[PDB]
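Encoded as structure tokens, the structure appears first; notes follow it.
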Amino acid sequence: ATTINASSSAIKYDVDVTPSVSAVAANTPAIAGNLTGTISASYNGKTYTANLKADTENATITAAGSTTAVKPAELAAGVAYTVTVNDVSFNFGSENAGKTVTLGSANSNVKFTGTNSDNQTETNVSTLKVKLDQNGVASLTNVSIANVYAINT
């Protein structure tokens with residue numbers, strides 16, 4: 001360690017997490033809104049697709065003011081939504097067992113909730129230092145992405 005750092009986070013992270021979400025607004029003569037997407041991570045020049053606990057009700061959309069889940073069916077154009085994906089994990093493989101890594105995103109709107117390498121819960125943080133398990137898996141309580149807009153088509 002030879003590098004001056006007055007911030008809590010290491011240089012500013014070695015795993016770039018990239019959620020790609022597509023929100024489609026409902027129509028007012030009715031077209032049901034939809035929301036779909038995946039989560040990708042870069043690590044040691046490789047891309048990895050995130051694994052989820054469930055294929056159903058594995059994420060929650062919220063408008064501001066309210067913790068109340070918004071039906072994908074009744075998304076509105078022009079409203080800032082936050083998407084909170086639960087029980088996210090990455091399988092970085094057995095060759096990466098036991099490595100300590102920092103998760104971050106080049107997207108400011110992305111936050112993480114999970115257990116860090118010092119075994120503390122952190123909520124809605126821009127970076128999380130985790131220890132990969134004996135199989136090279138990183139587990140997260142959730143990943144949030146803010147300022148998702150449903151597009152009118």
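Chains: A, B, ... in order of the structure tokens. Residues: from 1 per chain. Ligands: from 1, in order shown.
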
Notebook entry, point to check: What's the 12 Å shell around region 116-125 of chain A, counting only C-alpha atoms, without same-chain residues fewer than 2 positions away, as a PyMOL selection string?
Noted result: chain A and resi 8-9+82+84+98-105+108-114+127-133+138-146

Include N, CA, C and O atoms and write out the residues we just selected as a short mmCIF file (atom, residue, chain, number, x, y, z; two decimals), in the first residue's frame.
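Output file again-v7.cif is given in full below:
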```
data_model
loop_
_atom_site.label_atom_id
_atom_site.label_comp_id
_atom_site.auth_asym_id
_atom_site.auth_seq_id
_atom_site.Cartn_x
_atom_site.Cartn_y
_atom_site.Cartn_z
N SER A 8 -13.02 5.89 2.05
CA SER A 8 -13.30 4.55 2.65
C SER A 8 -13.04 3.40 1.65
O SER A 8 -12.99 2.25 2.10
N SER A 9 -12.86 3.71 0.36
CA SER A 9 -12.89 2.74 -0.77
C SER A 9 -11.53 2.68 -1.49
O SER A 9 -10.91 3.75 -1.68
N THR A 82 -36.81 3.45 -9.04
CA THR A 82 -35.65 2.73 -8.47
C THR A 82 -35.97 1.25 -8.55
O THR A 82 -37.06 0.87 -8.14
N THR A 84 -34.81 -2.46 -7.26
CA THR A 84 -34.05 -3.14 -6.20
C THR A 84 -34.14 -4.63 -6.50
O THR A 84 -35.22 -5.18 -6.35
N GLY A 98 -11.49 -17.07 -2.27
CA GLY A 98 -10.85 -16.44 -1.10
C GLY A 98 -10.24 -15.08 -1.40
O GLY A 98 -9.54 -14.54 -0.51
N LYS A 99 -10.42 -14.54 -2.60
CA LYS A 99 -9.83 -13.23 -2.95
C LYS A 99 -10.74 -12.18 -2.33
O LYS A 99 -11.95 -12.43 -2.24
N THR A 100 -10.15 -11.09 -1.85
CA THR A 100 -10.89 -9.90 -1.35
C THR A 100 -11.01 -8.92 -2.52
O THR A 100 -9.96 -8.60 -3.11
N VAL A 101 -12.23 -8.51 -2.87
CA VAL A 101 -12.46 -7.63 -4.06
C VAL A 101 -13.38 -6.50 -3.64
O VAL A 101 -14.17 -6.72 -2.73
N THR A 102 -13.27 -5.36 -4.32
CA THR A 102 -14.22 -4.24 -4.15
C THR A 102 -15.15 -4.19 -5.38
O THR A 102 -14.67 -4.13 -6.51
N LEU A 103 -16.45 -4.26 -5.11
CA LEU A 103 -17.56 -4.07 -6.07
C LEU A 103 -17.90 -2.59 -6.14
O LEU A 103 -18.05 -1.98 -5.07
N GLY A 104 -18.03 -2.08 -7.37
CA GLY A 104 -18.50 -0.72 -7.67
C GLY A 104 -19.18 -0.68 -9.03
O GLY A 104 -19.36 -1.75 -9.63
N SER A 105 -19.56 0.51 -9.50
CA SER A 105 -20.18 0.73 -10.83
C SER A 105 -19.79 2.10 -11.34
O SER A 105 -19.84 3.05 -10.53
N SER A 108 -23.38 5.96 -11.30
CA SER A 108 -23.63 6.61 -9.99
C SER A 108 -24.96 6.16 -9.39
O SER A 108 -25.14 6.27 -8.15
N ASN A 109 -25.88 5.72 -10.23
CA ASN A 109 -27.27 5.40 -9.82
C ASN A 109 -27.34 4.00 -9.21
O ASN A 109 -28.42 3.64 -8.72
N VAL A 110 -26.23 3.28 -9.18
CA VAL A 110 -26.16 1.88 -8.70
C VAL A 110 -25.60 1.83 -7.27
O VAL A 110 -24.54 2.40 -7.01
N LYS A 111 -26.31 1.12 -6.40
CA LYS A 111 -25.93 0.92 -4.99
C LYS A 111 -25.99 -0.56 -4.64
O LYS A 111 -26.60 -1.36 -5.41
N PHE A 112 -25.35 -0.93 -3.54
CA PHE A 112 -25.24 -2.34 -3.09
C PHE A 112 -25.63 -2.41 -1.63
O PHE A 112 -25.35 -1.46 -0.87
N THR A 113 -26.17 -3.57 -1.26
CA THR A 113 -26.45 -3.95 0.14
C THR A 113 -25.92 -5.37 0.33
O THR A 113 -26.32 -6.27 -0.47
N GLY A 114 -25.07 -5.57 1.34
CA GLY A 114 -24.54 -6.92 1.62
C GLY A 114 -23.64 -6.95 2.83
O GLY A 114 -23.56 -5.92 3.52
N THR A 127 -19.74 1.33 -3.03
CA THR A 127 -18.75 0.23 -3.12
C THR A 127 -18.91 -0.69 -1.92
O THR A 127 -19.31 -0.20 -0.85
N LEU A 128 -18.61 -1.97 -2.12
CA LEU A 128 -18.64 -2.99 -1.05
C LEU A 128 -17.42 -3.89 -1.25
O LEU A 128 -17.26 -4.45 -2.36
N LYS A 129 -16.55 -3.95 -0.24
CA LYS A 129 -15.38 -4.88 -0.24
C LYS A 129 -15.91 -6.22 0.26
O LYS A 129 -16.28 -6.27 1.46
N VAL A 130 -15.97 -7.24 -0.60
CA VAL A 130 -16.33 -8.62 -0.14
C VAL A 130 -15.14 -9.57 -0.27
O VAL A 130 -14.22 -9.32 -1.07
N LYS A 131 -15.19 -10.62 0.53
CA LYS A 131 -14.32 -11.81 0.38
C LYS A 131 -15.13 -12.86 -0.39
O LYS A 131 -16.25 -13.22 0.04
N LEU A 132 -14.57 -13.33 -1.50
CA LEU A 132 -15.17 -14.42 -2.27
C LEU A 132 -15.03 -15.69 -1.45
O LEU A 132 -14.02 -15.79 -0.73
N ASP A 133 -16.02 -16.57 -1.52
CA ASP A 133 -16.14 -17.76 -0.65
C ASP A 133 -15.20 -18.85 -1.20
O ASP A 133 -14.39 -18.54 -2.09
N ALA A 138 -19.58 -14.33 -4.85
CA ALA A 138 -19.88 -13.10 -4.10
C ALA A 138 -21.39 -13.01 -3.98
O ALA A 138 -22.07 -13.12 -5.01
N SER A 139 -21.91 -12.84 -2.77
CA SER A 139 -23.37 -12.81 -2.52
C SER A 139 -23.76 -11.41 -2.07
O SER A 139 -22.96 -10.77 -1.37
N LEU A 140 -24.92 -10.94 -2.50
CA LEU A 140 -25.42 -9.61 -2.12
C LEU A 140 -26.88 -9.72 -1.66
O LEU A 140 -27.66 -10.51 -2.24
N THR A 141 -27.22 -8.94 -0.65
CA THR A 141 -28.61 -8.87 -0.18
C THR A 141 -29.45 -8.22 -1.27
O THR A 141 -30.53 -8.71 -1.53
N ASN A 142 -28.93 -7.17 -1.91
CA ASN A 142 -29.59 -6.62 -3.12
C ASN A 142 -28.63 -5.75 -3.91
O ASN A 142 -27.58 -5.39 -3.38
N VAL A 143 -29.04 -5.39 -5.13
CA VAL A 143 -28.48 -4.28 -5.95
C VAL A 143 -29.63 -3.36 -6.38
O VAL A 143 -30.65 -3.90 -6.88
N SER A 144 -29.50 -2.05 -6.11
CA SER A 144 -30.45 -0.96 -6.48
C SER A 144 -29.91 -0.28 -7.73
O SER A 144 -28.70 -0.11 -7.83
N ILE A 145 -30.79 0.16 -8.62
CA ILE A 145 -30.42 1.12 -9.68
C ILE A 145 -31.51 2.18 -9.70
O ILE A 145 -32.67 1.78 -9.79
N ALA A 146 -31.14 3.44 -9.48
CA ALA A 146 -32.07 4.59 -9.41
C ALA A 146 -32.17 5.21 -10.80
O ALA A 146 -31.38 4.80 -11.69
#
```

Taking 3 positions as the minimum chain separation for residues in the same chain, which residues sit within 8 Å of region 52-55 of chain A when counting only C-alpha atoms? Answer as a PDB file with C-alpha atoms, in the first residue's frame.
```
ATOM      1  CA  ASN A  58     -37.007 -11.218  -7.597  1.00  0.00           C
ATOM      2  CA  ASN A  86     -32.828  -9.095  -4.306  1.00  0.00           C
ATOM      3  CA  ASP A  87     -30.470 -12.057  -3.599  1.00  0.00           C
ATOM      4  CA  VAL A  88     -27.903 -11.263  -6.319  1.00  0.00           C
ATOM      5  CA  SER A  89     -24.761 -13.451  -6.618  1.00  0.00           C
TER       6      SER A  89
END
```

| task | List every residue of chain A that DSSP, applied to the backbone of this structure, assigns to helix (DSSP H, G or I), and report them as a list in words. | result | residues 72, 73, 74, 94, 95 and 96 of chain A

Atoms kept (C-alpha atoms) for selection, written as an mmCIF file, in the first residue's frame:
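Contents of part_16.cif, as written:
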```cif
data_model
loop_
_atom_site.group_PDB
_atom_site.id
_atom_site.type_symbol
_atom_site.label_atom_id
_atom_site.label_comp_id
_atom_site.auth_asym_id
_atom_site.auth_seq_id
_atom_site.Cartn_x
_atom_site.Cartn_y
_atom_site.Cartn_z
ATOM 1 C CA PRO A 72 -44.588 -3.375 -14.014
ATOM 2 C CA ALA A 73 -48.025 -3.190 -15.744
ATOM 3 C CA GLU A 74 -48.729 0.432 -14.578
ATOM 4 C CA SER A 94 -12.980 -21.696 -8.219
ATOM 5 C CA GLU A 95 -9.625 -20.127 -9.351
ATOM 6 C CA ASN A 96 -10.830 -16.891 -7.526
#
```

Pairwise distance, CA of residue 135 (chain A) with CA of residue 13 (chain A), equals 21.0 Å

Members of region 27-151 of chain A assigned strand (DSSP E) by DSSP, as a count of residues only: 62

Q) Which neighbours of residue 34 (chain A) fall inside 9 Å, counting only C-alpha atoms, when residues of the same chain fewer than 4 positions from it are skipped, and could you give them as a list in words? A) residues 22, 23, 24, 25, 26, 71, 72, 73, 74, 75 and 150 of chain A

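Taking CA of residue 92 (chain A) as the reference point, CA of residue 137 (chain A) is found at 5.9 Å.
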
Practice task
Write out as a list in words which residues come within 8 Å of residue 48 (chain A) when counting only C-alpha atoms, dropping same-chain ones fewer than 3 positions away.
Solution key: residues 40, 41, 42, 43, 90, 91 and 92 of chain A

Nearest to residue 18 (chain A), restricted to only C-alpha atoms and choosing among A:32, A:59, A:50, A:79, comes out as A:50

Between A:3, A:44, A:93, A:147, smallest distance to residue 134 (chain A) by only C-alpha atoms belongs to A:93

Find the residues around residue 63 (chain A) up to 9 Å (only C-alpha atoms counted), leave out those fewer than 5 positions away in its own chain, and share them as number ranges by chain.
A: 68-70, 79-82

Take the residues from that selection and put them in a file with N, CA and C atoms, as a PDB file, in the first residue's frame.
```
ATOM      1  N   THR A  68     -43.779   1.580  -1.550  1.00  0.00           N
ATOM      2  CA  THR A  68     -44.844   0.751  -2.174  1.00  0.00           C
ATOM      3  C   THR A  68     -44.426   0.292  -3.570  1.00  0.00           C
ATOM      4  N   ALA A  69     -44.332  -1.029  -3.738  1.00  0.00           N
ATOM      5  CA  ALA A  69     -44.065  -1.709  -5.027  1.00  0.00           C
ATOM      6  C   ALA A  69     -45.017  -1.158  -6.096  1.00  0.00           C
ATOM      7  N   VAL A  70     -44.480  -0.835  -7.271  1.00  0.00           N
ATOM      8  CA  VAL A  70     -45.265  -0.410  -8.459  1.00  0.00           C
ATOM      9  C   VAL A  70     -45.330  -1.601  -9.423  1.00  0.00           C
ATOM     10  N   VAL A  79     -41.510   9.413 -14.942  1.00  0.00           N
ATOM     11  CA  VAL A  79     -41.331   9.198 -13.481  1.00  0.00           C
ATOM     12  C   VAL A  79     -40.024   8.438 -13.246  1.00  0.00           C
ATOM     13  N   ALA A  80     -39.216   8.913 -12.300  1.00  0.00           N
ATOM     14  CA  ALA A  80     -37.946   8.280 -11.866  1.00  0.00           C
ATOM     15  C   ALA A  80     -38.275   7.090 -10.963  1.00  0.00           C
ATOM     16  N   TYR A  81     -37.953   5.883 -11.432  1.00  0.00           N
ATOM     17  CA  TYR A  81     -38.142   4.628 -10.669  1.00  0.00           C
ATOM     18  C   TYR A  81     -36.781   4.171 -10.160  1.00  0.00           C
ATOM     19  N   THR A  82     -36.808   3.452  -9.040  1.00  0.00           N
ATOM     20  CA  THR A  82     -35.652   2.728  -8.473  1.00  0.00           C
ATOM     21  C   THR A  82     -35.967   1.254  -8.545  1.00  0.00           C
TER      22      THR A  82
END
```

Taken to one decimal, the CA of residue 20 (chain A)-CA of residue 107 (chain A) distance is 10.7 Å
